[PDB]
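Shown next, in structure tokens, is the structure this report addresses.
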Amino acid sequence: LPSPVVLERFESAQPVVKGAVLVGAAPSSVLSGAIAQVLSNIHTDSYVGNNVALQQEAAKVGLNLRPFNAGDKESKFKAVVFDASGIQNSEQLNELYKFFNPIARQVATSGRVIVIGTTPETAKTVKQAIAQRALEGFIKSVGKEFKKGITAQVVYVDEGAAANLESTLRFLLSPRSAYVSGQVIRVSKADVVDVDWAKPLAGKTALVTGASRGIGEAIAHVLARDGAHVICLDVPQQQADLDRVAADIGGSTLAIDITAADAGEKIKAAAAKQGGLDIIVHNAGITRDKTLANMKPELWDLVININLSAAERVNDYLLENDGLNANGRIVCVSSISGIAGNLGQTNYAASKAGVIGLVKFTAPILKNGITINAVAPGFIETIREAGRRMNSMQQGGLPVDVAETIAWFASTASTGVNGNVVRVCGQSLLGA
Amino acid sequence: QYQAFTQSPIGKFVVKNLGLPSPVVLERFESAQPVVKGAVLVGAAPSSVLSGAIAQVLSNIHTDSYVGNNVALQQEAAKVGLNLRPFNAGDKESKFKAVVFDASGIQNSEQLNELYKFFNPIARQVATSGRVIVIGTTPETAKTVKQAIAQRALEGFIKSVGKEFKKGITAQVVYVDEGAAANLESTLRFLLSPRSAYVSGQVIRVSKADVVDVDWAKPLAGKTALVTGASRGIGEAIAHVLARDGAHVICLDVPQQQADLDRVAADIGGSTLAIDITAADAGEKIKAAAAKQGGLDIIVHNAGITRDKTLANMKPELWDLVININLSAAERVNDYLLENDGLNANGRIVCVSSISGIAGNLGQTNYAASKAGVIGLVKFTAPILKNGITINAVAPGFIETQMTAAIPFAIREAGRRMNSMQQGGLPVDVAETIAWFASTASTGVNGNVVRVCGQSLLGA
């Protein structure tokens with residue numbers, strides 16, 4: 001067996017993409033102007049084949065699209081981006097072949113395959129809905145086949161929501177998404193909001209539960225790296241570690257039990273002096289693994305309470321009592337076990353499938369531009385021989401990989417990212 | 001080779017998730033009666049709303065049914081004519097072939113412990129080849145957000161039970177749309193029965209529709225079915241089960257397969273149609289072939305091919321052929337039948353996807369695209385169907401066929417081991433699931449994609 005490729009991860013705000021991007025599009029596509037504008041914004045060398053319509057879209061936004069000689073098998077591209085919105089029926093799925101077959105060996109190590117389509121439920125015809133649905137099978141197979149640490153994603157843009165794609169395209173193009181692969185992201189219509197892309201949380205106040213250690217600590221570091229003032233929450237027994245984490249990020253502490261009845265009240269009170277809470281990350285979670293036959297009742301109850309019920313109560317309080325600011329963010333943490341189940345985890349998997357429902361059925365009732373999304377981490381370094389290699393990256397992920405994905409959800413610019421559950425698993429074999 | 005696989009990281013991955021291989025010989029269908037061999041234990045959360053419909057099914061199938069100290073459940077079952085015998089909660093010895101729980105009364109996450117209350121005491125008393133069945137309210141139809149969330153959580157529970165209980169036991173969640181309880185029966189019978197032997201870990205949605213009369217012993221009696229790819233393999237097995245259930249089966253396959261088609265049709269009292277399903281006139285010829293038998297009721301799109309190649313090495317025609325046979329040809333035929341009076345009322349379209357359409361696979365960019373498209377064909381055709389017609393798909397996992405010996409060792413070994421049954425499935429397992437969709441009674445089963453995979457570890 002080979003040992004795993006070393007993945008490229010975030011080093012600095014610029015460049016967003018180190019290396020060249022190759023763009024393609026199907027005939028009659030509608031997202032190419034929005035894609036070209038992002039590539040212009042991030043000042044990357046961008047290339048295109050013999051597609052006049054796509055060349056015209058980049059001209060309209062001032063993107064110098066360097067033509068890519070189709071006889072060139074030697075050049076390497078850090079990302080390949082395909083607008084599939086123009087695929088109108090199953091026979092036009094060969095537009096995927098026409099773009100990706102000629103360059104399938106020219107994606108760089110730690111590269112990116114990104115297919116951008118139209119959300120199948122928003123497609124105007126059944127034939128297009130079917131074709132757009134098929135894109136997920138294609139990208140998941142690419143994710144397993146291309147190797148070299150390359151990730152593969154489909155971004156579905158709701159019909160008419162091209163203006164809302166930028167923060168998602170930026171995340172996927174960048175090394176920040178190093179451990180996100182095989183996934184489906186849905187972009188919906190929302191107001192566009194000004195942002196400093198170098199500090200996309202500047203001026204915001206975030207709260208991270210379970211912040212004193214582990215992934216919660218990593219979350220707090222990335223939110224502070226993006227410009228946020230982070231309130232680090234954990235139980236008073238963890239005050240020393242809370243103080244350590246807060247001192248490392250210029251943050252503050254809130255030492256309470258998130259399951260207490262008054263937790264939402266105290267969270268709102270804590271953020272009042274900063275001008276209110278913008279971002280809450282429900283990272284607090286526990287496992288109490290036991291076969292159901294051996295499991296004690298309180299170990300069922302505790303896992304449901306901390307992992308699910310507690311976040312419900314806090315969300316209910318904040319949303320009903322002006323506890324989150326406009327354009328605010330709720331980010332939850334599910335798990336692959338919540339999607340796929342796991343032996344000894346009837347309690348944990350129930351709780352984390354609950355978290356998926358919390359995201360999916362809260363998202364439609366949010367107002368004031370608030371969004372709710374979740375990450376579903378796979379094998380992250382902190383069954384262990386099992387998890388580690390059983391993914392397209394052939395390695396476990398790092399806490400920063402989960403934190404980067406949470407920070408993309410929390411970005412001031414991700415107004416149109418809502419109701420998503422995105423696995424952070426390097427395309428783990430496991431699933432539903 | 002086998003010891004090396006076990007010692008390898010994927011072999012250790014299997015053992016950490018499923019334990020060491022202890023597969024069971026799975027019970028499969030033998031006769032229409034009894035539906036369930038053995039006793040059934042029924043339970044319900046407080047304030048549940050599906051227990052009268054569940055009890056009516058258990059009364060219809062004449063199974064020995066038991067209940068704990070749930071007075072409301074006992075009273076509702078008695079009202080609809082079901083005798084529920086008390087199950088002494090101190091009895092760790094009795095075995096149940098099926099345990100059925102009405103979870104519709106779970107109104108929020110704190111009430112998820114009703115799952116623990118019912119299932120923890122009997123977690124070692126489910127029989128070999130038994131059934132765990134949780135029946136809830138479809139989350140998208142729940143009246144409150146809190147209940148939607150709690151009903152969504154049921155899937156994580158049942159998927160974990162499916163991996164934990166072992167012994168060939170399957171675990172399912174059936175979601176019943178609010179108001180659709182009378183449409184549950186064919187699904188509950190399928191899951192209670194050995195017919196569903198290789199279906200586990202799955203989510204089935206029951207929606208509101210007319211309740212139609214049926215002979216449960218011959219649930220396709222009087223109907224005409226067409227099976228594509230019928231001359232061998234899974235298509236042959238589908239044809240056998242549809243005939244077993246009472247249908248006249250038209251077996252369709254390419255003219256080069258005429259000998260095998262003739263052999264299969266004579267084995268089931270059916271007929272043949274020797275055409276290429278991709279032909280522009282395949283829809284016309286299908287309708288013509290059923291015309292002299294009262295028209296076509298059921299079509300099973302089982303024809304399918306692989307042309308496995310990395311995308312870099314794949315030729316254009318090997319992309320095109322896979323999309324055409326596996327996806328575009330079924331679209332054309334459905335479009336023709338649905339627009340030109342080619343399917344009878346209460347008709348059935350059943351498609352075949354694949355785990356690779358859900359999970360992706362190296363060397364299958366073409367095949368996985370085509371089979372993900374099949375999921376879209378089901379999901380986006382279902383809402384526009386009229387006249388009681390339904391469309392569903394099976395998504396088979398690793399099935400033992402005559403083609404399995406051609407699969408390279410490591411892919412085949414992972415296929416056999418990486419599922420909760422710790423074994424590959426049989427073609428009849430796929431056929432039974434298709435037959436349940438095709439049932440004259442399955443009127444409120446529409447738009448479902450159900451994996452037939454023994455709860456394979458793979459997925460999305």
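Letters A, B, ... mark the chains of the structure tokens in the order given; residue numbers begin at 1 per chain; ligand numbers begin at 1, in order shown.
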Can you pull out the residues contacting residue 11 of chain B? Cut-off 10 Å, using only C-alpha atoms, and skip same-chain residues under 5 positions away; I want them as a PyMOL selection string.
(chain A and resi 386) or (chain B and resi 2-6+16+20+413-414+417-418)
Would you write out, as JSON lines, a table of all residues in chain B that have an atom no more than 6 Å from an atom of chain A, listing for each the closest atom pair and the distance in Å to one decimal, considering only C-alpha atoms and ordering rows by chain and rising residue number?
```
{"residue": "B:12", "atom": "CA", "partner": "A:386", "partner_atom": "CA", "distance": 5.8}
{"residue": "B:13", "atom": "CA", "partner": "A:386", "partner_atom": "CA", "distance": 3.7}
{"residue": "B:16", "atom": "CA", "partner": "A:383", "partner_atom": "CA", "distance": 5.0}
{"residue": "B:120", "atom": "CA", "partner": "A:293", "partner_atom": "CA", "distance": 5.1}
{"residue": "B:123", "atom": "CA", "partner": "A:293", "partner_atom": "CA", "distance": 5.3}
{"residue": "B:149", "atom": "CA", "partner": "A:357", "partner_atom": "CA", "distance": 4.5}
{"residue": "B:152", "atom": "CA", "partner": "A:357", "partner_atom": "CA", "distance": 5.5}
{"residue": "B:153", "atom": "CA", "partner": "A:354", "partner_atom": "CA", "distance": 4.2}
{"residue": "B:156", "atom": "CA", "partner": "A:350", "partner_atom": "CA", "distance": 4.5}
{"residue": "B:157", "atom": "CA", "partner": "A:350", "partner_atom": "CA", "distance": 4.7}
{"residue": "B:159", "atom": "CA", "partner": "A:341", "partner_atom": "CA", "distance": 4.6}
{"residue": "B:160", "atom": "CA", "partner": "A:341", "partner_atom": "CA", "distance": 4.2}
{"residue": "B:163", "atom": "CA", "partner": "A:343", "partner_atom": "CA", "distance": 5.5}
{"residue": "B:164", "atom": "CA", "partner": "A:343", "partner_atom": "CA", "distance": 4.7}
{"residue": "B:311", "atom": "CA", "partner": "A:101", "partner_atom": "CA", "distance": 5.6}
{"residue": "B:312", "atom": "CA", "partner": "A:101", "partner_atom": "CA", "distance": 5.2}
{"residue": "B:357", "atom": "CA", "partner": "A:137", "partner_atom": "CA", "distance": 5.1}
{"residue": "B:360", "atom": "CA", "partner": "A:141", "partner_atom": "CA", "distance": 4.1}
{"residue": "B:361", "atom": "CA", "partner": "A:141", "partner_atom": "CA", "distance": 4.6}
{"residue": "B:362", "atom": "CA", "partner": "A:145", "partner_atom": "CA", "distance": 4.6}
{"residue": "B:365", "atom": "CA", "partner": "A:138", "partner_atom": "CA", "distance": 4.9}
{"residue": "B:368", "atom": "CA", "partner": "A:137", "partner_atom": "CA", "distance": 4.7}
{"residue": "B:369", "atom": "CA", "partner": "A:137", "partner_atom": "CA", "distance": 4.5}
{"residue": "B:372", "atom": "CA", "partner": "A:134", "partner_atom": "CA", "distance": 4.6}
{"residue": "B:373", "atom": "CA", "partner": "A:134", "partner_atom": "CA", "distance": 4.1}
{"residue": "B:376", "atom": "CA", "partner": "A:130", "partner_atom": "CA", "distance": 4.5}
{"residue": "B:377", "atom": "CA", "partner": "A:130", "partner_atom": "CA", "distance": 5.5}
{"residue": "B:457", "atom": "CA", "partner": "A:430", "partner_atom": "CA", "distance": 5.5}
{"residue": "B:458", "atom": "CA", "partner": "A:430", "partner_atom": "CA", "distance": 4.9}
{"residue": "B:459", "atom": "CA", "partner": "A:431", "partner_atom": "CA", "distance": 3.7}
{"residue": "B:460", "atom": "CA", "partner": "A:431", "partner_atom": "CA", "distance": 4.5}
```
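Non-sequential neighbours of segment 45-58 of chain A (distance at most 7 Å, separation of 6 or more positions within a chain, only C-alpha atoms) are residues 20, 21, 22, 23, 24, 25, 32, 33, 36, 64, 65, 66, 67, 68, 69 and 70 of chain A.
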Write out the residues from the selection above, keeping N, CA, C and O atoms, as a tab-separated table (two decimals), in the first residue's frame.
```tsv
chain	number	residue	atom	x	y	z
A	20	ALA	N	-3.07	27.28	-11.86
A	20	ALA	CA	-3.98	27.65	-12.94
A	20	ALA	C	-5.34	26.98	-12.79
A	20	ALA	O	-5.44	25.83	-12.33
A	21	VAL	N	-6.38	27.70	-13.18
A	21	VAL	CA	-7.74	27.17	-13.23
A	21	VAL	C	-8.17	27.03	-14.68
A	21	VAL	O	-8.00	27.97	-15.48
A	22	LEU	N	-8.74	25.88	-15.02
A	22	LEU	CA	-9.35	25.63	-16.32
A	22	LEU	C	-10.87	25.60	-16.16
A	22	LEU	O	-11.39	24.89	-15.29
A	23	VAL	N	-11.56	26.40	-16.97
A	23	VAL	CA	-13.02	26.52	-16.93
A	23	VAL	C	-13.60	25.93	-18.21
A	23	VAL	O	-13.06	26.10	-19.31
A	24	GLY	N	-14.74	25.24	-18.04
A	24	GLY	CA	-15.54	24.80	-19.17
A	24	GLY	C	-17.01	24.99	-18.83
A	24	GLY	O	-17.37	25.25	-17.69
A	25	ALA	N	-17.85	24.83	-19.86
A	25	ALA	CA	-19.29	24.97	-19.67
A	25	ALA	C	-20.03	24.23	-20.79
A	25	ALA	O	-19.57	24.16	-21.93
A	32	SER	N	-21.97	30.83	-15.91
A	32	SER	CA	-20.59	31.08	-16.30
A	32	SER	C	-20.18	32.52	-16.03
A	32	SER	O	-19.01	32.78	-15.73
A	33	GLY	N	-21.11	33.47	-16.15
A	33	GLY	CA	-20.79	34.84	-15.76
A	33	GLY	C	-20.45	34.95	-14.29
A	33	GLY	O	-19.51	35.66	-13.91
A	36	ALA	N	-17.02	33.32	-13.74
A	36	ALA	CA	-15.93	34.14	-14.25
A	36	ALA	C	-15.64	35.32	-13.32
A	36	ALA	O	-14.47	35.69	-13.12
A	64	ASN	N	-9.37	37.91	-18.18
A	64	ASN	CA	-8.53	37.48	-19.29
A	64	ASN	C	-8.45	35.96	-19.25
A	64	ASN	O	-7.70	35.39	-18.45
A	65	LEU	N	-9.26	35.30	-20.08
A	65	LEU	CA	-9.28	33.84	-20.15
A	65	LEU	C	-8.25	33.40	-21.19
A	65	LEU	O	-8.49	33.50	-22.39
A	66	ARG	N	-7.10	32.94	-20.72
A	66	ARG	CA	-6.05	32.45	-21.61
A	66	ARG	C	-6.53	31.18	-22.31
A	66	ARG	O	-6.92	30.22	-21.63
A	67	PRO	N	-6.53	31.12	-23.64
A	67	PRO	CA	-6.96	29.88	-24.30
A	67	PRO	C	-6.03	28.72	-23.99
A	67	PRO	O	-4.81	28.87	-23.91
A	68	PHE	N	-6.63	27.55	-23.78
A	68	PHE	CA	-5.91	26.32	-23.45
A	68	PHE	C	-5.91	25.42	-24.68
A	68	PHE	O	-6.98	25.00	-25.15
A	69	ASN	N	-4.72	25.12	-25.18
A	69	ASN	CA	-4.58	24.32	-26.39
A	69	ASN	C	-5.01	22.88	-26.13
A	69	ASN	O	-4.37	22.16	-25.35
A	70	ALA	N	-6.08	22.43	-26.80
A	70	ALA	CA	-6.62	21.10	-26.55
A	70	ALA	C	-5.64	19.98	-26.88
A	70	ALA	O	-5.88	18.84	-26.48
```
Name all residues at most 9 Å from residue 234 of chain A (count only C-alpha atoms; drop same-chain ones fewer than 5 positions away) and give them as a PyMOL selection string.
chain A and resi 208-212+239+242+253-258+284
Output for the residues just chosen: C-alpha atoms as an mmCIF file, in the first residue's frame:
```
data_model
loop_
_atom_site.group_PDB
_atom_site.id
_atom_site.type_symbol
_atom_site.label_atom_id
_atom_site.label_comp_id
_atom_site.auth_asym_id
_atom_site.auth_seq_id
_atom_site.Cartn_x
_atom_site.Cartn_y
_atom_site.Cartn_z
ATOM 1 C CA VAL A 208 -18.373 28.107 20.187
ATOM 2 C CA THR A 209 -19.650 25.477 22.612
ATOM 3 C CA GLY A 210 -17.254 22.821 23.869
ATOM 4 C CA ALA A 211 -14.478 25.283 23.104
ATOM 5 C CA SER A 212 -11.877 24.308 25.711
ATOM 6 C CA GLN A 239 -12.225 27.189 33.113
ATOM 7 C CA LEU A 242 -11.152 27.991 28.417
ATOM 8 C CA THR A 253 -14.953 32.860 28.138
ATOM 9 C CA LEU A 254 -18.415 31.761 29.249
ATOM 10 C CA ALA A 255 -18.288 28.859 31.726
ATOM 11 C CA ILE A 256 -21.780 27.313 31.849
ATOM 12 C CA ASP A 257 -23.494 23.995 31.171
ATOM 13 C CA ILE A 258 -25.015 24.268 27.694
ATOM 14 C CA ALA A 284 -20.510 20.468 22.323
#
```
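Taking only C-alpha atoms into account, residue 174 of chain A lies nearest to A:114 out of the set A:380, A:84, A:114, A:306.
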Which polymer residues have any atom within 9 Å of an atom of residue 59 of chain B, counting only C-alpha atoms, with same-chain residues fewer than 4 positions away left out, as a ChimeraX atom specification?
/B:54-55,63,65,77,80-83
Suppose we keep N, CA and C atoms; can you now write the selection as a PDB file, in the first residue's frame?
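Saved result, selection.pdb, follows:
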```pdb
ATOM      1  N   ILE B  54     -51.435  -0.495  12.084  1.00  0.00           N
ATOM      2  CA  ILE B  54     -50.511  -1.607  12.304  1.00  0.00           C
ATOM      3  C   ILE B  54     -51.268  -2.832  12.796  1.00  0.00           C
ATOM      4  N   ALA B  55     -52.158  -2.638  13.774  1.00  0.00           N
ATOM      5  CA  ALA B  55     -52.874  -3.770  14.349  1.00  0.00           C
ATOM      6  C   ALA B  55     -53.760  -4.451  13.315  1.00  0.00           C
ATOM      7  N   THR B  63     -50.917 -13.454  12.825  1.00  0.00           N
ATOM      8  CA  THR B  63     -49.706 -13.800  13.548  1.00  0.00           C
ATOM      9  C   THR B  63     -49.941 -13.692  15.049  1.00  0.00           C
ATOM     10  N   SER B  65     -49.396 -12.266  18.252  1.00  0.00           N
ATOM     11  CA  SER B  65     -48.947 -10.903  18.521  1.00  0.00           C
ATOM     12  C   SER B  65     -48.970 -10.617  20.013  1.00  0.00           C
ATOM     13  N   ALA B  77     -55.730  -1.866  19.550  1.00  0.00           N
ATOM     14  CA  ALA B  77     -55.653  -3.127  18.820  1.00  0.00           C
ATOM     15  C   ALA B  77     -56.930  -3.940  18.978  1.00  0.00           C
ATOM     16  N   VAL B  80     -59.825  -2.834  16.674  1.00  0.00           N
ATOM     17  CA  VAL B  80     -59.790  -3.237  15.275  1.00  0.00           C
ATOM     18  C   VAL B  80     -59.671  -4.748  15.119  1.00  0.00           C
ATOM     19  N   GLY B  81     -59.792  -5.503  16.209  1.00  0.00           N
ATOM     20  CA  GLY B  81     -59.908  -6.945  16.121  1.00  0.00           C
ATOM     21  C   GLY B  81     -58.631  -7.741  16.277  1.00  0.00           C
ATOM     22  N   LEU B  82     -57.593  -7.177  16.887  1.00  0.00           N
ATOM     23  CA  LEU B  82     -56.334  -7.885  17.090  1.00  0.00           C
ATOM     24  C   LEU B  82     -56.205  -8.294  18.551  1.00  0.00           C
ATOM     25  N   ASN B  83     -55.949  -9.583  18.779  1.00  0.00           N
ATOM     26  CA  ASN B  83     -55.657 -10.078  20.122  1.00  0.00           C
ATOM     27  C   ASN B  83     -54.176  -9.855  20.403  1.00  0.00           C
TER      28      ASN B  83
END
```
If you run DSSP on the backbone, which residues of segment 194-292 of chain A are strand (DSSP E or B), as a PyMOL selection string?
chain A and resi 205-209+229-234+252-255+279-282
How many Å separate atom CA of residue 399 of chain A from atom CA of residue 229 of chain A?
19.7 Å
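For the choices A:403, A:235, A:206, A:35, the atom-to-atom distance to residue 252 of chain A is smallest for A:206 when using only C-alpha atoms.
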